[PDB]
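As structure tokens, one chain now follows by itself in the form deposited in one PDB entry.
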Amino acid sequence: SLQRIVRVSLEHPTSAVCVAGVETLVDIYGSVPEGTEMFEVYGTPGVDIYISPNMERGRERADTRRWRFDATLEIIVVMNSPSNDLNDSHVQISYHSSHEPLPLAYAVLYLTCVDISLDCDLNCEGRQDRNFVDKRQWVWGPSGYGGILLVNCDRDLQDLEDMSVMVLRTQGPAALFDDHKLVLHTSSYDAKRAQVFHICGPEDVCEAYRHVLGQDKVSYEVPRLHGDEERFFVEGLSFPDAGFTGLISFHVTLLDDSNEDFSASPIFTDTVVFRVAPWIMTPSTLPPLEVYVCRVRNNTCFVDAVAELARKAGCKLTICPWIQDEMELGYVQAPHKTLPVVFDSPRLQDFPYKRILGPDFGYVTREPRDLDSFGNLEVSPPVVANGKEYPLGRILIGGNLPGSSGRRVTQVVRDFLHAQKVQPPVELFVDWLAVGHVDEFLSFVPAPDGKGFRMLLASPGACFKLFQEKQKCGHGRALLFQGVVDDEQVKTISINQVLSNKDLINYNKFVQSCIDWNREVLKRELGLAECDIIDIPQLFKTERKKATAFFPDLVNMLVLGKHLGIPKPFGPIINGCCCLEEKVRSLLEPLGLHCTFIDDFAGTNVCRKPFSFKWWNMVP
């Protein structure tokens, strides 16, 4: 355990402070008297005294017999309860010889015990057998521990509910603190990443929580106002980034400043270590809570369809004065509160997130060092791949090909995503698309069996097979885009005409290969097999040299639990029904999913429930 040396003198008594539970090694400054053969030790009640050979572990009570003198023996003193008054306990070491009855000499040590401890919620409910916890460490995993700090605003009232509580216990005689001081401190590095408010009055006044640790404040002398304990409120100010691993440490040090002719000296130090909760993305397989549609007027059809879908799913709907391309809705999590946090990047000014999104919403942003769209960013369901477990899924980044002059995801955003460390990113090939969003060829829907989900991929090959099957069944003259309402630039085309267009078929073969590259990347990096993948029939055309959807992109869907909002494809009408819609239904309805095809020919984002898996139980 912890040990501290206190020296005593044969010539005069000594006074010292011992922290409750800390072992005090007591020894004299000079030499024992000549002729010393034996020694005895005594303590007042409440003072535990042990002896131990300095080369052996373990100890035994020392106050019950006369010992043979041996310089290699150590005298250990422990007090477990704080003193009521200064120097209310003492220890005496008496050195003896067999020739005279009185001690040759003796040393007296007066003792004042204080109980000093700096503690936070270590989140050790059932994780690491409390009291065998190194308070200087933060340990990941299902057998770890450590305090958690939430950051609800990072641009680089009664907000106390989001802060983390830090308690300083200072039991002891008040007069001691006339010559001893408690210093709460943190490094300047950590200081510019978090701040601390000390409550100096009732819990109802807003100006009683005084800012004691902050940017330039790296140390603070604690006044003992509220008797035996002082409460502090820690507020995180920065998410983990390329230069910040997320750990924040606070220390308290008891300093002996009684010697006016000497300098101050430390007697005891305690430490609390927080980890900033990372920003976590939510895949489309998590249950929805609120759907956000942002920028459309004169588009009551879209709003009404999204509202009907949300009512069928059971989640609320909110309209705000785009939200899916310049914003991503994640969350931060602590044992005491879960906060949704929006990551913003407007391809500006201070965004009012507490009113547009909600009162319990956080905000994080990153300015470039010199993102195109958050459609370049998705995240997978929980997966296992290459022996490594990813209980919060993996972020999916659609970047640009090596050697290209343009960049889709700036370096600062990639650094932020990797610094969250809980959703290790996977790079995808999207340069073949005209826009280049991951959702244009990829989607995740919940499923009752297998891995609990299916990965949907746009597939020109599946559409080839569907059209060949329909042609063999005598429906080759069925017309695509027949269900559209007679527009001047919407010309119908038959299954035969599509299958006979060599340029279109060859281009869709190329697009299928482009998607196959990502298919194998995802199978390797998400540990997926073919039975986890559903190929959605989807054709593409060339917005010259880049791909765009031939008919509305079926996989670019809105997933609200088991209810799907799917763009209406306007495919070939066979027996008065769209065979593309029928194929999608035959593929997805067996999974218990409900398909709603919405007429699509401006942005939608969903706030979802967090993962059931707690991020601090992960081992990255």
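Between two forms, the rigid core is defined as the largest C-alpha subset superposing within 1.5 Å. Heads up: residue numbers just count along the shown sequence, starting at 1.
The next section is about a form of this same protein that is not shown, the form deposited in another entry.
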Position with Cα shift of 2 Å or more, rigid core superposed between the shown form and the other one, options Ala242, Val205, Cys531, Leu102 = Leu102
ask   = Quick one: once the rigid core is lined up, does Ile356 have its C-alpha move by 2 Å or more between the shown form and the other one?
value = yes
query = Taking the rigid core as the frame, does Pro590 move its C-alpha by 2 Å or more between the shown form and the other one?
reply = no
Cα-Cα trend for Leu357 and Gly236, given that in the other entry the distance shifts by 3 Å or more = closer
query = By 3 Å or more, the Cα spacing of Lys614 and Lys354 differs in the other entry; is it closer or farther than in this view?
reply = farther
